[PDB]
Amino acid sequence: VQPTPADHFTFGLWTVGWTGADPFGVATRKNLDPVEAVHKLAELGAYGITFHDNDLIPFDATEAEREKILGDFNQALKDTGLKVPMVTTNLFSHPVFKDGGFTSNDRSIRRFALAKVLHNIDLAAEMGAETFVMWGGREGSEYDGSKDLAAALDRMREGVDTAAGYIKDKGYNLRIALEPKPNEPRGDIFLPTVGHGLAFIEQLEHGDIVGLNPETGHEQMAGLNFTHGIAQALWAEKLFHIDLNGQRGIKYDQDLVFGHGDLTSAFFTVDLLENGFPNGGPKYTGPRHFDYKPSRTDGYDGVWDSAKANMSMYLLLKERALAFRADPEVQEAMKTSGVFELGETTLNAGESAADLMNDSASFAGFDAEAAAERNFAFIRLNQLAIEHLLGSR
């Protein structure tokens, strides 16, 4: 398994550039020059790079400095061929965002945060990005009385609709994607899961260009099924981007390499991305982006090893998932379990409610105890899946 640009593997600058600072200790690695991240990622088979405005351009950069940096960064892109499919804003690091950007209690701070976002949209637009991601990191609270919850959602809506409205106004070919996270750094973050993100989108004036950016580990932080979460996003056609990584339980956001967390779950995510739905339906065609952090214990050879580990894991899973669905044995198991029967409408063509209620075969004389006898054989289907995954079939 050798990744090629065709594979569409994208990495964030903050991923491989992650310094090692955690809540209990300082950085273990020296800062990484962005030019060098580009060159290194290009040599590994990456297709593109993504960043946060402050990952590239310092908060206090002068204009001459801003120009220099972009010149260097575009030079690296031009020399290597890397694309920049997504750009994002840092609304969490500076002490000004301690209560949030868009949902800060302070109105002057909310204004500043939306201005930071609008300028960042211009940047994204000039970099040629297709997606613009919003992670509301500091949006939430530690205490239930800190906020007016209907007012926090109005202020969130205001911000996203101003940003969406501006995109349309300028005619940029950009979509907004929201990234849910249940907690950390706040005790409770607003729009904590894929479901809440989807629900909020439907209340927006400019919801047509607003979608989701689910992250593996974040749904697993609420103990949810990541594959089910992204299936719901797909089904609603709001899967605009994805962040792949690993999480080993309900605890702090680990951001491990993709497949280094829940393996079986990783396996079914890849099947969903590659094979789509058994009965057909929408398919995700965007970048396969890794939002992970090289463990702080590892030094620079470890940083490039971990980058590579993401792409290897994905390709190894993909091979197995393709083999899995191609197996005649598996296709037979699927049939028996009623995976294909779930695809059939419950009602007959032009059958009404009333028609079903008096159909005696369906209710009045339906043999409930004979129907309960079906052996779904879901265990055998799971065993087959795991045998493909272990490459023993």
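So that there is no doubt, residue numbering starts at 1 and follows the sequence shown.
*Asks:* If you average the CA temperature factors over each stretch, which comes out higher, 117-125 or 289-297?
*Replies:* Stretch with the higher mean C-alpha B-factor: 117-125.
*Asks:* Look up the CA B-factors in the entry and say which stretch, 361-369 or 326-334, has the higher mean.
*Replies:* Higher mean C-alpha B-factor: 361-369.
*Asks:* If you compare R138, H196, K308, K168, which has the highest Cα B-factor in the entry?
*Replies:* If I rank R138, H196, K308, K168 by C-alpha B-factor, first place goes to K168.
*Asks:* From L91, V257, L174, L315, pick the one with the largest CA B-factor in the entry?
*Replies:* If I rank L91, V257, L174, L315 by C-alpha B-factor, first place goes to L174.
*Asks:* If you rank every modelled residue in this chain by C-alpha B factor, which third holds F24: lowest, middle or highest?
*Replies:* Highest third, going by the recorded CA B-factors of the chain.
*Asks:* Rank-wise, by C-alpha B-factor, drop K283 into the lowest, middle or highest third of its chain.
*Replies:* Highest third of the chain for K283's C-alpha B-factor.
*Asks:* Going by the entry, which third of its chain does the Cα temperature factor of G276 land in?
*Replies:* Middle third - that is where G276 ends up once the chain's C-alpha B-factors are sorted.
*Asks:* Going by what the PDB entry lists, where does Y47 fall on CA B-factor within its chain: lowest, middle or highest third?
*Replies:* For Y47, the deposited C-alpha B-factor lands in the middle third.
*Asks:* How does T103 rank on Cα B-factor within its chain, lowest, middle or highest third?
*Replies:* Lowest third of the chain for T103's C-alpha B-factor.
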